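J.: Quick one: this structure, given as structure tokens, is what I'll be asking you about.
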Amino acid sequence: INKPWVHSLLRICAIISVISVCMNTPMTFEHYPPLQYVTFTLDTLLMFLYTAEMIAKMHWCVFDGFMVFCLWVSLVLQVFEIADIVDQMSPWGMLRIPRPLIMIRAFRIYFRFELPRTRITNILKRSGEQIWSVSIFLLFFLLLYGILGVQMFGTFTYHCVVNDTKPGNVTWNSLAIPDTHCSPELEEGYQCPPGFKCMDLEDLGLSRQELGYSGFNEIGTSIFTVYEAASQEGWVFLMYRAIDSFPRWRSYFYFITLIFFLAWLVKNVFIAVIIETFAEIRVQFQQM
Amino acid sequence: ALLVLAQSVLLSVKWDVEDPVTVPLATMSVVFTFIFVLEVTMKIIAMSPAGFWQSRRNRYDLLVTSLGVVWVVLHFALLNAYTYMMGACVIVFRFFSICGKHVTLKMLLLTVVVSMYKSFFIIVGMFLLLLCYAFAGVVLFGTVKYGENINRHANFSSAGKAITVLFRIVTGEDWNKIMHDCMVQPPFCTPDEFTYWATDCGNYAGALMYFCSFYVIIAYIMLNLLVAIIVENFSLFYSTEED
Amino acid sequence: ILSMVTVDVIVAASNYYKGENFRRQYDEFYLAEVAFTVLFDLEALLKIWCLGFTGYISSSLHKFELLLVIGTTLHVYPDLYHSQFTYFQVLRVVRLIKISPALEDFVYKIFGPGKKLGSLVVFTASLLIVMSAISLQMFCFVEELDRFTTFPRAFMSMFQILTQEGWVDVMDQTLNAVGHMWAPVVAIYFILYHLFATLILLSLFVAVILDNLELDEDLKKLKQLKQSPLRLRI
Amino acid sequence: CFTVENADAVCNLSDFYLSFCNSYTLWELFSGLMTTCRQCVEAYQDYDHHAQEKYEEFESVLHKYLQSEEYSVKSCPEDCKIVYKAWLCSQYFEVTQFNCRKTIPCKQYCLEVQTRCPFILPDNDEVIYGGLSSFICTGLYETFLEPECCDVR
Amino acid sequence: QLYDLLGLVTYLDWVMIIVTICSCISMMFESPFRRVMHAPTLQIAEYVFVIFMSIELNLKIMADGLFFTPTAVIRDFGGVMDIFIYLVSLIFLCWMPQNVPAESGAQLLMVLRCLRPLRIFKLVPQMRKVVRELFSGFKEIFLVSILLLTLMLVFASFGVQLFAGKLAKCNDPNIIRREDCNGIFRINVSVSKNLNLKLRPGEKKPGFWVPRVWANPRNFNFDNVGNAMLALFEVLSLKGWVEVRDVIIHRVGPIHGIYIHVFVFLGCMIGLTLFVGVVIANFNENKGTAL
Ligand SMILES: CC(C)CCC[C@@H](C)[C@H]1CC[C@H]2[C@@H]3CC=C4C[C@@H](OC(=O)CCC(=O)O)CC[C@]4(C)[C@H]3CC[C@]12C
Ligand SMILES: CC(C)CCC[C@@H](C)[C@H]1CC[C@H]2[C@@H]3CC=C4C[C@@H](OC(=O)CCC(=O)O)CC[C@]4(C)[C@H]3CC[C@]12C
Ligand SMILES: CC(C)CCC[C@@H](C)[C@H]1CC[C@H]2[C@@H]3CC=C4C[C@@H](OC(=O)CCC(=O)O)CC[C@]4(C)[C@H]3CC[C@]12C
Ligand SMILES: *[C@@H]1O[C@H](CO)[C@@H](O)[C@H](O)[C@H]1NC(C)=O
């Protein structure tokens, strides 16, 4: 504990520990069985060292105590699973979920501030307040476009199916190529051509999982879809489904406004926030 | 504010004549309106009517309340789709009023609207560039054989289609697969010796120059202007406690 | 020397695909690369004989070029040719940066003091590693799911989520793998990770670059104080 | 002009066409490709049946392509079906045909398919095709062009 | 404000703006099957445009001059652009061909004719201001582009050297050797990406019979430097990069998965951020708050 060499040792041990927890995986041992004994060995050795630390600290530390507790638990579980009494594919591996955080210790030296930490805390408080405000902004817009989607866009489960399709017999061979959405309306949406007919697959008995999560059936799934679209990941395909299923103008207005407002401006507000955080760093320390 | 939010949550399910659940919820929306009417009555009876009118937010509230009252009156008489859509729109317009209630929300809304206003000319320039590219795309590729990602939806066969696919490409999604679709050469197509409208495949080098130029220009350069505008406006308006 | 660098990289890039019929471990491009690496070894040895080893090492550019010389001498070993060591062959192009002092000044301006961008890169890497190991230990046991069956795959998945490409597909396949009782919390984890990655970290990169282009406030005040025939010429 | 019906009755051979691959004649098959002749006729019939089945599969795939009348201004589904039929039949009977009036290399038909038949996107589930069409002929730096076939177009 | 707006530009400028808008609205109805060359209805707008442009230029030339005057109609890029547009329009009107071979001079002229809307930039002062502000930082944008080009040459040369011709795989997954890919096989056809229908035990997915070919992917390959650079440019956008990753990993072995990932870090995360930083810095400089 006294020697800086001890601190260097503890930091390299933290890196070794995160490497070890990255290696521990069932299919790793299925590919390289010997590593099973490697993972165990390092797991015990490092723990011994940290135990010493816990013993020597009696004469912020709660974090290290929690970490050595997690190492204990992981070593116990590894002993149990190398006995082969507990299936290696069992969920119990989740007991290792917090061990990777040990990486923080490797950088702890840089985390240490000896200057007037009050200033740093104030900066972080300002940034947190701003981020919370913009989060509320974003959530309000997401809810707005959610309810709008629920009202306008219904449920995307009508499809063109082969003329003689029957319930429960729904299968790949029953769909058009490529699969095209439709609308039962005679004037709105896409009209299934001869030899095909529009009908709701959900009625035929497909699950929501089989139909896919996206859609505007309820406020929750509506806002989920809105967030997905605002990520600019797959928005045009959703727009196409909506155009095929509903009046075109609704889809155009909705998605164009969603992309204009959420995907550019609101995201740029977080850039502005972080720029202001750096401006505050400039004003306060002038030395970063 | 809480009542406003609850009434907005009443729109969690699609209002539909067929759906029985719609009938109760519509009724549920009526009472709120009456409550809201009181909120107006209070505010107009505590101050002089002119005093109430002086605040623009009060004007907006009064307009929304009057619209809601009209909707209530109609709903009990017609009871058709029109009433339900009108009520949903009234509820939306009322929910949007929560911005004024909060402080930070109001600031951010002001920031966004002002940014939109001050970006008008830049957006016009983007539109003009997109329209030029639309015309050139209709000329070069207006009869391209359907491919991986050119289809009923993504098509250059008319200026509107071209504009929509160009806006998509501004969003970036799969621009490269459209570009490679427009590259299609023989033996994947039947070429024509006399007219470009009698063939079904596009221009290789034309596609490269077109799509690369459009993407670099719009996506890498122009949008950063709007980013800068947002930054400036945020600095201008948003301001928490100051030491 | 810069001309020879240019010719070398041009020749190396000209090793295009001709046909499966003829291709060998010994070919004209190999002899060219040998000649160029010999020439650069000669250049480095002479420069060291002039400046002395400590003098040579005294400057970052000479350390960089020494590293490249070592790498591209290993590169010509016939068992390592076209291995990963090929990176050292191509990095020679960076010598050409010295052709323009304007581009050099711009580079040193925009990359700014290395502490900032270096620490941001290290933070990004550490965060990716931590979150990848976390996701691995949550999902590695889940049947039917390959995306997290090993640490490299988990890292690829979290990096994909960072890029935002097909991230919704990774999410959908994970919610397929886990039972519907658990799909909501998994979705919440994925959403929070994507939100943090996309809104803060990338905004941190933008802010760092802008702060690198921005002048220092003391230089700003110094400048403020210091700063208080046409076409027809023919 | 006598579509082969019974395997025994058949055995000039230049007048007995096949049922499905009507374009070919028994004489051609005998040239390039009593009980022995019965075994040969039976083999031909079985090949014809297989070709018919696969052609039906292709037709059923194409029929669900709703963009059949829009994918090309120069090509129609009928030409696609015709050239795919000629391609499959040639695949099964790699023989030079003698008695037609206008003729082209058989291999060219493969190009004709990708010229005239729509762009069907293959499933990407176990292999990334990367926009590669389902029906392609020429490989990487493969010189495509041999026998001759009849210009049924 | 109405009086100030009406005085923004001269009456001739307003007339020309109106004419331009009308011309572009007419051009918006042009289509490959509704060509202006054969549709007289659309010819009116073109005629009006050309005539009014000629009158404008005739008036302005003899009031200012084309050259060697304190004020000239053509003294910056705006005048050059306007003259080029006018000449293109006039040549099109005089010629107005009946047949336009694909990839020919007629097509080139037609395409150039699409630049007409740009006139609004010059006519409207605010657009001119926007353009000038945007182009102020051209040097910085150029330097950033040179840096990205250098990165792309590095990675293109590496990719050509290592991957040249190795991406080619048999279209039939079952077959593993080049020599065994001959004849025909059965290929399934994509039905629906989003749907997750489960095939019945005794059913086969829709598909049909296609020949076996040893062909490279259509959308990218690394056979030569040009194709490598085009692929890397596509991967800068961050669209389709995961397909490139999977192709490289499966056809060239998993270690080269490093190659693509580092590029994404260097090119996309850092590199494209340079454009954003430069443009925001130039915007602040022009605004006047930089110092
Ligand atoms: C903290 C920083 C400095 C880097 C830490 C990264 C490590 C956690 C990485 C580096 C090497 C990686 C290993 C590299 C290779 C493999 C092989 C891989 O084996 C296979 O999946 C191949 C199976 C086969 O085809 O035979 C299993 C993961 C593993 C052990 C990786 C696990 C994670 C490791 C140890
Ligand atoms: C991050 C901020 C900006 C808000 C984003 C919303 C998420 C925090 C939550 C709230 C609503 C949640 C959704 C609410 C409802 C569902 C329905 C659920 O599907 C079912 O209810 C079917 C159950 C079954 O089939 O057994 C799957 C999860 C999902 C999409 C949830 C995923 C996570 C969501 C989008
Ligand atoms: C003062 C500055 C702005 C110079 C602008 C000059 C333009 C008016 C020039 C430059 C490009 C020229 C064009 C370049 C190429 C052609 C192709 C040429 O095509 C052909 O029809 C000839 C070959 C054939 O017909 O087979 C016809 C003239 C044209 C349109 C030229 C017309 C005049 C243009 C537009
Ligand atoms: C088509 O799908 C089946 C599963 O139904 C699969 O066995 C087969 O390999 C697929 N075809 C190809 C070419 O991969």
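Think of each number as a place in line: the chain as shown, counted from 1.
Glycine residues also receive a Cβ, built from the backbone N, Cα and C atoms like all the rest.
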J.: Please state if E:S31 and E:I249 fall on one side of the membrane according to Swiss-Prot.
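T.: Same side, per Swiss-Prot.
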J.: How many Å lie between the Cα of E:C170 (disulfide bond) and the Cα of E:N188 (N-linked glycosylation site)?
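T.: Per the Cα atoms, E:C170 (disulfide bond) and E:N188 (N-linked glycosylation site) stand 15 Å apart.
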J.: Using a 6 Å cut-off on Cβ distance, which of the recorded positions E:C170, E:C181, E:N188 come close to any atom of ligand 4?
T.: E:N188
J.: Excluding the flanking five residues on each side, which residues at least 6 beyond the ends of the topological domain 'Extracellular' (E:31-39) place their CB within less than 8 Å of a CB in that stretch?
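T.: Result: 46, 96-98, 100.
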J.: In angstrom units, rounded to an integer, how far apart are the Cα atoms of E:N188 (N-linked glycosylation site) and E:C181 (disulfide bond)?
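T.: That comes out at 17 Å between the alpha carbons.
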J.: What three-state secondary structure does DSSP assign to E:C181 (disulfide bond)?
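T.: Coil, per DSSP.
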J.: Which residues of the chain, 6 or more past the ends of the topological domain 'Cytoplasmic' (E:64-71), have a CB below 8 A from one of its CBs?
T.: none
J.: Looking at Cβ-Cβ distances, which residues of the chain lie under 8 angstroms from E:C181 (disulfide bond) while being 6 or more apart from it?
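T.: In sequence order, the residues whose Cβ lies under 8 Å from that of E:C181 (disulfide bond) (at least 6 apart) are E:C170, E:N171, E:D172, E:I175, E:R212, E:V213, E:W214.
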J.: Taking DSSP states H, G and I as helix and E and B as strand, how many residues of the topological domain 'Extracellular' (E:31-39) are helix, strand and coil?
T.: 0 helix, 2 strand, 7 coil
J.: Measure from the Cβ of E:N188 (N-linked glycosylation site) and count the other Cβ atoms within 10 Å, all protein chains considered.
T.: 18
